[PDB]
């Protein structure tokens, strides 16, 4: 058995959703068969996007602090429910002894294993600018495709002012329209970069595989926790 450590708070809601998915994706008939999970939800970690752009506070000190605390509290490995935070995965790795399993890298590995060569990405602008998906996917020979700047404004509006704001119709309209556009351009799979995307967008709305990075990391974490 290995204890799953979750470095969260980026944001709180995404952290709670990752935890729920781990539980749902756990094969068990009784409580006692589920893996141990230690979550340190630290919302005070400075905004990742604001820093990426070059004007906000460095989020690495709090990120590293949280990683070290999880280790001290008993985690055997760490996962993070935040795309942009993975831009500092190497910084965090250098400060701790236990490993961090990357949600971005595991998704790239999965995409490669399924044979896809081109992937359409639906995510926040901060995520794209951070380049985390582009970096890891390229390492695995997979080409990333994103919407145009105008279309990206729609993705952002659909995710924030749409889903997150409680306006599902506006979110699904903006996000589904963009998903099919990427498919039209040759995307072999669609990457649901934010949980908000999986809410209003379902596999039944697309002709190509729909991949949710949070499901990928939750599945990897469960496997490692139960098989190691």
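Numbering follows the first chain given and starts at 1.
Novice: Which is higher on average in the deposited entry, the C-alpha temperature factors of 62-70 or of 167-175?
Specialist: According to the entry, 167-175 carries the higher average C-alpha B-factor.
Novice: Give the stretch, out of 21-29 and 216-224, with the larger mean C-alpha temperature factor in the deposited entry.
Specialist: The deposited B-factors put 21-29 ahead on the C-alpha mean.
Novice: From 45, 192, 159, 187, pick the one with the largest CA B-factor in the entry?
Specialist: In the PDB entry, the greatest C-alpha B-factor among 45, 192, 159, 187 is found at 159.
Novice: Just say lowest, middle or highest third for the CA B-factor of residue 10 relative to the other modelled residues in its chain.
Specialist: CA B-factor rank for residue 10: middle third.
Novice: Divide the modelled residues of the chain into thirds by Cα B-factor and specify which third, lowest, middle or highest, holds residue 138.
Specialist: Middle third.
Novice: Where does residue 180 sit by CA temperature factor within its chain: lowest, middle or highest third?
Specialist: It falls in the top third of the chain.
Novice: In terms of the CA temperature factor given in the entry, to which third of its chain does residue 36 belong: lowest, middle or highest?
Specialist: Residue 36: CA B-factor falls in the lowest third of its chain.
Novice: Just say lowest, middle or highest third for the CA B-factor of residue 111 relative to the other modelled residues in its chain.
Specialist: Tercile = middle for this residue's CA B-factor.
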